[PDB]
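Engineer: Next up, final_20.cif (mmCIF, C-alpha atoms and all ligand atoms).
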data_structure
#
loop_
_atom_site.label_atom_id
_atom_site.label_comp_id
_atom_site.auth_asym_id
_atom_site.auth_seq_id
_atom_site.Cartn_x
_atom_site.Cartn_y
_atom_site.Cartn_z
CA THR P 1 -13.82 9.72 -1.49
CA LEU P 2 -11.24 10.12 -4.27
CA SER P 3 -12.14 9.98 -8.00
CA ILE P 4 -10.54 11.00 -11.29
CA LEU P 5 -12.70 13.12 -13.56
CA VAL P 6 -11.44 13.42 -17.17
CA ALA P 7 -12.40 13.57 -20.83
CA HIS P 8 -9.85 12.02 -23.19
CA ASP P 9 -9.93 11.15 -26.90
CA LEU P 10 -9.15 7.81 -28.62
CA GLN P 11 -5.42 8.46 -28.12
CA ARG P 12 -5.81 9.82 -24.58
CA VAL P 13 -5.41 13.50 -25.48
CA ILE P 14 -6.82 15.78 -22.75
CA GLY P 15 -5.51 19.20 -23.83
CA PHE P 16 -4.09 21.37 -26.57
CA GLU P 17 -2.45 24.73 -25.88
CA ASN P 18 -4.00 24.86 -22.39
CA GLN P 19 -7.52 24.33 -23.71
CA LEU P 20 -9.78 21.39 -24.51
CA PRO P 21 -9.52 20.49 -28.21
CA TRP P 22 -13.23 19.67 -28.53
CA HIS P 23 -16.46 21.43 -27.70
CA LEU P 24 -18.96 19.18 -26.00
CA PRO P 25 -21.49 21.07 -23.84
CA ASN P 26 -22.95 17.78 -22.64
CA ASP P 27 -19.70 16.68 -21.02
CA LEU P 28 -19.35 19.97 -19.17
CA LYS P 29 -22.94 19.41 -18.03
CA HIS P 30 -21.65 15.96 -17.03
CA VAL P 31 -18.84 17.49 -14.99
CA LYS P 32 -21.29 19.94 -13.42
CA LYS P 33 -23.59 17.10 -12.35
CA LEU P 34 -20.82 14.99 -10.87
CA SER P 35 -18.89 17.76 -9.10
CA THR P 36 -21.49 20.30 -7.93
CA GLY P 37 -21.64 20.23 -4.13
CA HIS P 38 -18.23 18.56 -3.81
CA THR P 39 -14.54 19.24 -4.36
CA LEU P 40 -12.45 19.68 -7.52
CA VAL P 41 -8.66 19.41 -7.18
CA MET P 42 -6.73 20.77 -10.18
CA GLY P 43 -3.23 21.88 -11.18
CA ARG P 44 -2.37 25.53 -11.70
CA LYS P 45 -2.37 25.46 -15.50
CA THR P 46 -5.82 23.88 -15.49
CA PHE P 47 -7.18 26.55 -13.11
CA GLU P 48 -5.66 29.25 -15.27
CA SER P 49 -7.30 27.66 -18.26
CA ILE P 50 -10.67 27.73 -16.49
CA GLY P 51 -9.74 31.17 -15.18
CA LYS P 52 -12.44 31.34 -12.49
CA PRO P 53 -13.58 29.03 -9.74
CA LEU P 54 -16.38 26.70 -10.78
CA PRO P 55 -19.65 27.80 -9.17
CA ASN P 56 -21.21 25.86 -6.33
CA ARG P 57 -18.41 23.51 -5.32
CA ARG P 58 -15.01 23.63 -3.61
CA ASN P 59 -12.25 24.54 -6.10
CA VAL P 60 -8.79 23.52 -4.84
CA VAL P 61 -5.64 24.39 -6.83
CA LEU P 62 -2.33 22.60 -6.45
CA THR P 63 0.55 24.98 -7.15
CA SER P 64 4.12 25.48 -5.96
CA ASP P 65 3.40 29.21 -5.86
CA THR P 66 3.26 30.56 -2.31
CA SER P 67 1.98 33.87 -3.73
CA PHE P 68 -1.14 32.10 -4.98
CA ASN P 69 -4.18 33.42 -3.18
CA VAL P 70 -7.20 33.52 -5.46
CA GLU P 71 -10.77 34.46 -4.62
CA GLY P 72 -13.09 31.46 -4.29
CA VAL P 73 -10.17 29.05 -4.28
CA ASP P 74 -8.31 27.03 -1.72
CA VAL P 75 -4.66 26.42 -2.51
CA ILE P 76 -2.58 23.38 -1.68
CA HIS P 77 1.13 22.86 -2.31
CA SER P 78 1.65 19.09 -2.16
CA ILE P 79 -0.25 15.96 -3.26
CA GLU P 80 -0.36 14.76 0.36
CA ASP P 81 -2.65 17.70 1.06
CA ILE P 82 -5.29 16.07 -1.12
CA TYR P 83 -5.65 13.21 1.34
CA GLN P 84 -6.79 15.57 4.10
CA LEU P 85 -9.64 17.03 2.03
CA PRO P 86 -13.10 15.97 3.28
CA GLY P 87 -15.92 14.62 1.15
CA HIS P 88 -15.98 13.40 -2.42
CA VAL P 89 -12.81 14.74 -4.05
CA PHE P 90 -12.53 14.71 -7.86
CA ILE P 91 -9.01 14.93 -9.32
CA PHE P 92 -9.67 17.21 -12.22
CA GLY P 93 -6.37 17.47 -14.12
CA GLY P 94 -4.14 18.04 -15.71
CA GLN P 95 -1.65 15.57 -17.10
CA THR P 96 0.66 16.04 -14.15
CA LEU P 97 -1.99 15.43 -11.48
CA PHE P 98 -3.55 12.50 -13.41
CA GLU P 99 -0.15 10.83 -13.63
CA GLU P 100 0.46 11.54 -9.97
CA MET P 101 -2.93 10.20 -8.87
CA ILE P 102 -4.07 7.43 -11.29
CA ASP P 103 -2.71 4.70 -9.02
CA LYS P 104 -4.24 6.34 -5.95
CA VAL P 105 -7.84 6.93 -6.89
CA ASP P 106 -10.72 4.59 -6.00
CA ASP P 107 -12.50 5.16 -9.28
CA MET P 108 -12.46 7.19 -12.47
CA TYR P 109 -15.16 9.02 -14.32
CA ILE P 110 -13.91 9.10 -17.88
CA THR P 111 -15.56 10.61 -20.91
CA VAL P 112 -14.11 8.90 -23.94
CA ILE P 113 -14.29 11.31 -26.84
CA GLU P 114 -14.54 9.07 -29.88
CA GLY P 115 -12.25 11.10 -32.12
CA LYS P 116 -8.56 11.83 -32.73
CA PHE P 117 -7.56 15.43 -31.97
CA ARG P 118 -4.17 17.14 -32.04
CA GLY P 119 -2.96 17.38 -28.45
CA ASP P 120 -0.01 18.30 -26.30
CA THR P 121 -1.23 16.82 -23.05
CA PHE P 122 -2.28 13.26 -22.29
CA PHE P 123 -4.02 10.95 -19.85
CA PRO P 124 -1.74 8.12 -18.80
CA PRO P 125 -2.26 4.69 -20.34
CA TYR P 126 -4.34 2.28 -18.26
CA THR P 127 -5.60 -1.24 -18.79
CA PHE P 128 -9.09 -2.68 -18.30
CA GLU P 129 -7.32 -5.57 -16.63
CA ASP P 130 -7.07 -3.19 -13.66
CA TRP P 131 -10.36 -1.36 -13.93
CA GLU P 132 -13.85 -2.65 -13.92
CA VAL P 133 -16.64 -0.98 -15.88
CA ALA P 134 -19.25 0.00 -13.28
CA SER P 135 -21.13 1.71 -16.13
CA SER P 136 -20.88 2.76 -19.77
CA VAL P 137 -23.42 5.17 -21.26
CA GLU P 138 -23.27 6.59 -24.80
CA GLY P 139 -23.67 10.37 -24.84
CA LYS P 140 -26.45 11.73 -27.01
CA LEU P 141 -25.63 13.47 -30.27
CA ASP P 142 -27.50 16.57 -31.43
CA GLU P 143 -26.79 19.94 -33.02
CA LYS P 144 -24.64 21.28 -30.17
CA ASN P 145 -22.92 17.96 -29.30
CA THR P 146 -21.59 16.47 -32.46
CA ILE P 147 -18.69 14.24 -31.48
CA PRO P 148 -19.60 10.79 -30.20
CA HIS P 149 -18.66 10.25 -26.59
CA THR P 150 -19.06 7.68 -23.84
CA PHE P 151 -19.33 8.17 -20.09
CA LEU P 152 -17.37 5.47 -18.30
CA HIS P 153 -17.40 4.91 -14.60
CA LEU P 154 -14.46 2.63 -13.79
CA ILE P 155 -13.63 1.04 -10.45
CA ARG P 156 -10.26 -0.33 -9.46
CA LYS P 157 -10.27 -4.13 -9.44
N1 LIG A 1 -9.75 16.96 -20.82
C1 LIG A 1 -9.77 17.05 -19.48
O1 LIG A 1 -10.50 16.17 -18.66
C2 LIG A 1 -8.97 18.14 -18.84
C3 LIG A 1 -8.01 18.75 -19.62
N2 LIG A 1 -7.03 19.48 -19.05
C4 LIG A 1 -6.03 20.07 -19.95
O2 LIG A 1 -4.77 19.69 -19.48
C5 LIG A 1 -3.83 20.71 -19.77
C6 LIG A 1 -3.13 21.09 -18.46
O3 LIG A 1 -2.37 19.98 -18.02
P1 LIG A 1 -0.85 20.22 -17.57
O4 LIG A 1 -0.22 21.03 -18.64
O5 LIG A 1 -0.24 18.95 -17.13
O6 LIG A 1 -0.99 21.18 -16.29
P2 LIG A 1 -1.75 21.01 -14.88
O7 LIG A 1 -3.16 21.42 -15.01
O8 LIG A 1 -1.53 19.65 -14.33
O9 LIG A 1 -0.99 22.10 -13.99
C7 LIG A 1 0.41 21.99 -13.93
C8 LIG A 1 0.83 22.74 -12.68
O10 LIG A 1 0.18 22.22 -11.54
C9 LIG A 1 1.01 22.40 -10.41
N3 LIG A 1 1.40 21.12 -9.81
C10 LIG A 1 1.24 19.88 -10.36
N4 LIG A 1 1.72 18.97 -9.48
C11 LIG A 1 2.18 19.62 -8.39
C12 LIG A 1 2.76 19.19 -7.21
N5 LIG A 1 2.96 17.89 -6.99
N6 LIG A 1 3.13 20.11 -6.24
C13 LIG A 1 2.91 21.46 -6.46
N7 LIG A 1 2.33 21.89 -7.64
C14 LIG A 1 1.98 20.98 -8.59
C15 LIG A 1 2.25 23.10 -10.94
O11 LIG A 1 1.99 24.47 -10.82
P3 LIG A 1 3.19 25.52 -10.51
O12 LIG A 1 4.08 25.51 -11.73
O13 LIG A 1 2.52 26.86 -10.31
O14 LIG A 1 3.92 25.00 -9.29
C16 LIG A 1 2.31 22.63 -12.38
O15 LIG A 1 3.09 23.42 -13.25
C17 LIG A 1 -4.60 21.84 -20.42
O16 LIG A 1 -4.51 21.74 -21.82
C18 LIG A 1 -6.03 21.58 -20.02
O17 LIG A 1 -6.93 22.02 -20.98
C19 LIG A 1 -6.96 19.63 -17.70
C20 LIG A 1 -7.91 19.03 -16.89
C21 LIG A 1 -8.93 18.28 -17.46
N1 LIG A 2 -15.02 14.65 -18.11
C1 LIG A 2 -14.42 15.86 -18.17
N2 LIG A 2 -14.70 16.73 -19.23
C2 LIG A 2 -14.09 18.03 -19.32
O1 LIG A 2 -14.39 18.73 -20.31
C3 LIG A 2 -13.20 18.39 -18.27
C4 LIG A 2 -12.92 17.54 -17.24
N3 LIG A 2 -13.52 16.25 -17.18
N4 LIG A 2 -12.05 17.86 -16.16
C5 LIG A 2 -11.54 19.23 -16.15
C6 LIG A 2 -11.80 20.10 -17.15
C7 LIG A 2 -11.29 21.51 -17.13
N5 LIG A 2 -12.02 22.42 -18.05
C8 LIG A 2 -13.30 22.91 -17.75
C9 LIG A 2 -13.83 23.92 -18.57
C10 LIG A 2 -15.10 24.41 -18.32
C11 LIG A 2 -15.87 23.89 -17.26
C12 LIG A 2 -17.20 24.40 -17.00
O2 LIG A 2 -17.57 25.61 -17.37
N6 LIG A 2 -18.12 23.68 -16.33
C13 LIG A 2 -19.41 24.24 -15.88
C14 LIG A 2 -20.58 23.78 -16.76
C15 LIG A 2 -20.68 24.61 -18.04
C16 LIG A 2 -21.92 24.24 -18.82
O3 LIG A 2 -23.00 24.06 -18.19
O4 LIG A 2 -21.83 24.15 -20.08
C17 LIG A 2 -19.66 23.83 -14.46
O5 LIG A 2 -20.52 24.47 -13.79
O6 LIG A 2 -19.00 22.85 -14.00
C18 LIG A 2 -15.33 22.87 -16.45
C19 LIG A 2 -14.05 22.39 -16.69
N7 LIG A 2 -12.59 19.72 -18.31
#
Taking this structure as input, can you express it in the form of structure tokens?
Structural biologist:
Amino acid sequence: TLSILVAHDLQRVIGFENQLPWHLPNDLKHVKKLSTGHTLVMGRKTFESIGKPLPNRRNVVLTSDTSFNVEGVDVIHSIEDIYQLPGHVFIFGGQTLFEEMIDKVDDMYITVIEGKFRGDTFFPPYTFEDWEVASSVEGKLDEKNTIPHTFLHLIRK
């Protein structure tokens, strides 16, 4: 099973200077819930940004670098590799992999961050004419989660 997992803002920003522009503990909790016990596939820059494998799931990194051999991580070197991974596979970023995979995934789990941040990396444009809203759930605001956000589960029409 092949899903996108992403948070993007109102203008589809996903990154700035190899980090997330927002802090939203809840959405990382959201990622944890969705991905724990399964597989994350991510590009090299994204891994480097995370810097360590994410506990309690398969972390797969797509890189051209044949020297890449990290501890806790399985490496792949082409997109085709993804299609041989077993189980529920979340495409986890970044811009490059999203652009490569958006037309290939069954569904997307998108957190819409309801703000406008400065960014240098972007989720590709997509139309609700192509995607059907299996669910939409407003995230809860509180002292530690202060930007409004919506969890979308979208399914290709
Ligand atoms: N908001 C969100 O949901 C998330 C945000 N992000 C953000 O996105 C940004 C990173 O995105 P981006 O800069 O595009 O980088 P990526 O995370 O997509 O990593 C880019 C690298 O991935 C490798 N790669 C990608 N495609 C291939 C391929 N087809 N074959 C072999 N290797 C490949 C390459 O590594 P190499 O050069 O070693 O070959 C490439 O340079 C960061 O700011 C990060 O914070 C990332 C994920 C999620
Ligand atoms: N929807 C979504 N939101 C994101 O913030 C996100 C995304 N998708 N895809 C990839 C990605 C890459 N960045 C990061 C950064 C930190 C963690 C992380 O530490 N997650 C922990 C939970 C931490 C917590 O409980 O606060 C984990 O166990 O997954 C994950 C991804 N970030």
Engineer: Hey, can I get the axis-aligned box for ligand LIG 1 (chain A)? All listed atoms, 3 Å padding on each side, centre and edge lengths in Å to one decimal, as AutoDock Vina command-line options.
Structural biologist:
--center_x -3.2 --center_y 21.5 --center_z -14.0 --size_x 20.6 --size_y 16.7 --size_z 21.6
Engineer: Which protein, DNA or RNA residues have an atom within 10 Å of ligand LIG 2 (chain A), counting only C-alpha atoms and all ligand atoms, as JSON, numbers by chain?
Structural biologist: {"P": [4, 5, 6, 7, 8, 14, 15, 18, 19, 20, 21, 22, 23, 24, 25, 26, 27, 28, 29, 30, 31, 32, 33, 34, 35, 36, 40, 41, 42, 45, 46, 47, 48, 49, 50, 51, 52, 53, 54, 55, 56, 57, 90, 91, 92, 93, 94, 108, 109, 110, 111, 112, 113, 150, 151, 152]}
Engineer: Between atom CA of residue 78 of chain P and atom CA of residue 95 of chain P, what is the distance in Å, rounded to a tenth?
Structural biologist: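 Going from atom CA of residue 78 of chain P over to atom CA of residue 95 of chain P, I get 15.7 Å.
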Engineer: Interatomic distance between atom CA of residue 105 of chain P and atom CA of residue 157 of chain P?
Structural biologist: 11.6 Å
Engineer: Rounded to one decimal, what separation in Å do you get between atom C8 of ligand LIG 1 (chain A) and atom CA of residue 61 of chain P?
Structural biologist: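 Those two atoms sit 8.9 Å apart.
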Engineer: With only C-alpha atoms and all ligand atoms as the atoms that count, which of P:131, P:98, P:83, P:117 lies nearest to ligand LIG 1 (chain A)?
Structural biologist: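 Comparing P:131, P:98, P:83, P:117 against ligand LIG 1 (chain A), the winner is P:98.
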Engineer: So, counting only C-alpha atoms and all ligand atoms, which residue among P:9, P:76, P:96, P:37 is closest to ligand LIG 1 (chain A)?
Structural biologist: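 Closest to ligand LIG 1 (chain A), using only C-alpha atoms and all ligand atoms: P:96.
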Engineer: Which one of P:122, P:146, P:38, P:104 sits closest to residue 12 of chain P if you count all atoms listed in the file?
Structural biologist: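 Among P:122, P:146, P:38, P:104, it is P:122 that comes nearest to residue 12 of chain P.
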Engineer: I need the residue nearest ligand LIG 1 (chain A) from this list: P:118, P:140, P:88, P:58. Use only C-alpha atoms and all ligand atoms for the distance.
Structural biologist: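 So, comparing all the options, the nearest one is P:118.
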Engineer: Rank nothing, just name the residue among P:84, P:136, P:39, P:67 nearest to ligand LIG 1 (chain A), using all atoms listed in the file.
Structural biologist: P:67
Engineer: For ligand LIG 1 (chain A), which residue out of P:145, P:69, P:127, P:135 is the nearest one, using all atoms listed in the file?
Structural biologist: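 Looking only at the distances to ligand LIG 1 (chain A), the closest residue turns out to be P:69.
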Engineer: Around the point (-3.2, 5.9, -11.6), in the coordinates given by the file, pick out the residues reaching within 10 Å, counting only C-alpha atoms, and return them as number ranges by chain.
Structural biologist: P: 4, 97-108, 123-126, 156
Engineer: In file coordinates, which residues lie within 9 Å of (-6.6, 24.3, 3.1) using all atoms listed in the file, given as a list in words?
Structural biologist: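 Those residues lying close to the given coordinates are residues 60, 74, 75, 76, 81, 84 and 85 of chain P.
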Engineer: Residues as selected, C-alpha atoms, written as an mmCIF file, in the coordinates of the input, can you do that?
Structural biologist:
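Dumped everything to selection_24.cif:
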data_model
loop_
_atom_site.group_PDB
_atom_site.id
_atom_site.type_symbol
_atom_site.label_atom_id
_atom_site.label_comp_id
_atom_site.auth_asym_id
_atom_site.auth_seq_id
_atom_site.Cartn_x
_atom_site.Cartn_y
_atom_site.Cartn_z
ATOM 1 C CA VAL P 60 -8.790 23.520 -4.840
ATOM 2 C CA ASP P 74 -8.310 27.030 -1.720
ATOM 3 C CA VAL P 75 -4.660 26.420 -2.510
ATOM 4 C CA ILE P 76 -2.580 23.380 -1.680
ATOM 5 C CA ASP P 81 -2.650 17.700 1.060
ATOM 6 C CA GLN P 84 -6.790 15.570 4.100
ATOM 7 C CA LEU P 85 -9.640 17.030 2.030
#
Engineer: Quick one: everything within 6 Å of residue 73 of chain P, counting only C-alpha atoms, minus sequence neighbours fewer than 2 positions away in the same chain. Send it as a PyMOL selection string.
Structural biologist: chain P and resi 59-60+70-71
Engineer: Go ahead and write the residues just picked, C-alpha atoms, as an mmCIF file, keeping the file's coordinate frame.
Structural biologist:
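Result file follows (result_8.cif):
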data_model
loop_
_atom_site.group_PDB
_atom_site.id
_atom_site.type_symbol
_atom_site.label_atom_id
_atom_site.label_comp_id
_atom_site.auth_asym_id
_atom_site.auth_seq_id
_atom_site.Cartn_x
_atom_site.Cartn_y
_atom_site.Cartn_z
ATOM 1 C CA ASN P 59 -12.250 24.540 -6.100
ATOM 2 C CA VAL P 60 -8.790 23.520 -4.840
ATOM 3 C CA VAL P 70 -7.200 33.520 -5.460
ATOM 4 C CA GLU P 71 -10.770 34.460 -4.620
#
Engineer: Could you please fill out segment 71-89 of chain P with N, CA and C atoms and send it back as a compact mmCIF listing (two decimals), in the coordinates of the input?
Structural biologist:
# COMPACT_ATOMS: atom_id res chain seq x y z
N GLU P 71 -9.50 34.23 -5.28
CA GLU P 71 -10.77 34.46 -4.62
C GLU P 71 -11.74 33.35 -5.03
N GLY P 72 -12.22 32.59 -4.04
CA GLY P 72 -13.09 31.46 -4.29
C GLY P 72 -12.34 30.14 -4.33
N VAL P 73 -11.04 30.19 -4.04
CA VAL P 73 -10.17 29.05 -4.28
C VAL P 73 -9.36 28.74 -3.04
N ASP P 74 -9.24 27.47 -2.73
CA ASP P 74 -8.31 27.03 -1.72
C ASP P 74 -7.07 26.46 -2.39
N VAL P 75 -5.90 26.83 -1.88
CA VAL P 75 -4.66 26.42 -2.51
C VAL P 75 -4.08 25.30 -1.68
N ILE P 76 -3.45 24.34 -2.34
CA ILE P 76 -2.58 23.38 -1.68
C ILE P 76 -1.27 23.28 -2.45
N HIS P 77 -0.23 22.76 -1.79
CA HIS P 77 1.13 22.86 -2.31
C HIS P 77 1.85 21.52 -2.35
N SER P 78 1.18 20.46 -1.90
CA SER P 78 1.65 19.09 -2.16
C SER P 78 0.48 18.14 -2.40
N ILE P 79 0.75 17.02 -3.06
CA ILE P 79 -0.25 15.96 -3.26
C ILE P 79 -0.80 15.38 -1.96
N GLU P 80 0.06 15.26 -0.95
CA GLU P 80 -0.36 14.76 0.36
C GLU P 80 -1.54 15.55 0.91
N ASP P 81 -1.55 16.85 0.64
CA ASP P 81 -2.65 17.70 1.06
C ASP P 81 -3.98 17.12 0.63
N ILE P 82 -4.02 16.51 -0.56
CA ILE P 82 -5.29 16.07 -1.12
C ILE P 82 -5.96 15.14 -0.12
N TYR P 83 -5.15 14.30 0.52
CA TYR P 83 -5.65 13.21 1.34
C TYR P 83 -6.30 13.71 2.64
N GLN P 84 -6.14 14.99 2.94
CA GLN P 84 -6.79 15.57 4.10
C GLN P 84 -8.08 16.31 3.74
N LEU P 85 -8.37 16.42 2.45
CA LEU P 85 -9.64 17.03 2.03
C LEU P 85 -10.81 16.12 2.40
N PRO P 86 -11.86 16.69 3.02
CA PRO P 86 -13.10 15.97 3.28
C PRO P 86 -14.02 15.83 2.06
N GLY P 87 -14.78 14.74 2.04
CA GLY P 87 -15.92 14.62 1.15
C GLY P 87 -15.55 13.82 -0.08
N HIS P 88 -16.34 13.97 -1.13
CA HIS P 88 -15.98 13.40 -2.42
C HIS P 88 -15.08 14.36 -3.20
N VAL P 89 -13.84 13.94 -3.39
CA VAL P 89 -12.81 14.74 -4.05
C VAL P 89 -12.53 14.19 -5.45
